[PDB]
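Presented as structure tokens, the chain that follows is alone, the form deposited in one PDB entry.
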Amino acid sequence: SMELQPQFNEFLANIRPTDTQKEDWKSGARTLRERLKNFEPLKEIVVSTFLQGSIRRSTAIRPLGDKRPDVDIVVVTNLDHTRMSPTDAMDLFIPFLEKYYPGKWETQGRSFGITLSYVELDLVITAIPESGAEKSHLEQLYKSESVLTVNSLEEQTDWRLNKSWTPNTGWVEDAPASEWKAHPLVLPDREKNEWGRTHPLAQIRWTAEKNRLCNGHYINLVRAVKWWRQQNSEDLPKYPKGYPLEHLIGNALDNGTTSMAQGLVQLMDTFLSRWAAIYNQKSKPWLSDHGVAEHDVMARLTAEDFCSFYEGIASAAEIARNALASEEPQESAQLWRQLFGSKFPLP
């Protein structure tokens, strides 16, 4: 078998967001947090502002050309979601946005977009559904370094969801589930002025654990498959992409991964075998979200798109198998380049 580890490392470096982008979202997120914390009308309402999404989980890929990466941010408030609607909560942030980001922000349904120099923030306003002392204890978690760090999982592979965790200087386990697992936040629905549930911290925690169980290869494999999808967009369905695609990859990948090349072939093979019956039925899987267990991550994916995507994976898997089985490094790399394009280097 052929692993081409140095070529995969260079490929991954080429598809991660750039260091200029990274520094822009780190300063952008922290600056937003500090501005909200000191904005008098919101000082008693905002509990926490934290980095989330693929940027936080180190599963984001570099956008093409001059396009700005999407950087997801949660604002946690102490508002009572049974007495205030999502728009009531969002209404409060307009004067803040006009003061600090004039001409640079836009409402996009359930979120606010903010254009920075090199990145685009995607801000969602949330609330803690619990009340009283139970709310207070959850607020302590959202105020902890575990939550407030602006470093991503790749930079803190030991990260744990625990108010007592502190960053490793280079020189603690997850908190018991009883303290966080059954406690999602509420956020605005995509389309309706109604609250839904989301648990980004639980998704981050699951990703961190899966990455440790996969010897650091999981988050890199998500990026690689996302890159394949982007490079082959014209031959693939529009969906899955984004988080549902990441979730499918985390499902398909087995624990114990030892290399990128082996992991790609394993996860594609497992995808094809696991979903063979569903594909034969022209259906799609129902997959429990790692954050809100009762939610189907695939709820908006059509069966037609799932089955078209299955066919795309089938084609990719044949190439990936041949690359791993190749005896000549140049042939192997040329096969990976059929999936990934020119950002995967020849040896």
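Numbering starts at 1 and follows the sequence shown. Take the two forms, superpose them, and find the largest set of C-alpha atoms that agree within 1.5 Å; that set is the rigid core.
Of the other compared PDB entries of this protein that include residues on both sides, all give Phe96 atoms, none of them, and so not a third, leaving it without. Compared with other deposited structures of the same protein, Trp228 does not meet the criterion of being unmodelled in at least one third, since all of those that resolve residues on both sides include it. Comparing the deposited coordinates for 112-120 and 193-201, the stretch with the larger average C-alpha B-factor is 112-120.
When the mean C-alpha temperature factors of 136-144 and 246-254 are read from the deposited coordinates, 136-144 comes out higher. Within the selection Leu64, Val292, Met298, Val47, the deposited Cα B-factor values reach their highest point at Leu64. You'll see in the entry that, of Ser58, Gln52, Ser288, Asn38, the Cα B factor peaks at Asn38. Among the modelled residues of its chain, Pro188 has a C-alpha B-factor that falls in the lowest third according to the deposited record. Among the modelled residues of its chain, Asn78 has a C-alpha B-factor that falls in the middle third, as given in the PDB entry. Among the modelled residues of the chain, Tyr100 sits in the highest third by CA temperature factor in this PDB entry. Among the modelled residues of its chain, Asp174 has a C-alpha B-factor that falls in the highest third according to the deposited record. Annotation for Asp72: C-alpha temperature factor in the lowest third relative to the rest of the modelled chain, per the entry.
The protein also exists as the form deposited in another entry; that form is not presented, and the subsequent description refers to it.
Only one of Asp189, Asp254, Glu155, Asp80 has its C-alpha shifted by 2 Å or more between the shown form and the other one once the core is superposed, and that residue is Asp189. When the rigid core is held fixed, the Cα atom of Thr270 travels less than 2 angstroms between the shown form and the other one.
Superposed on the core, the two forms differ at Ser117: its CA moves 2 Å or more between the shown form and the other one.
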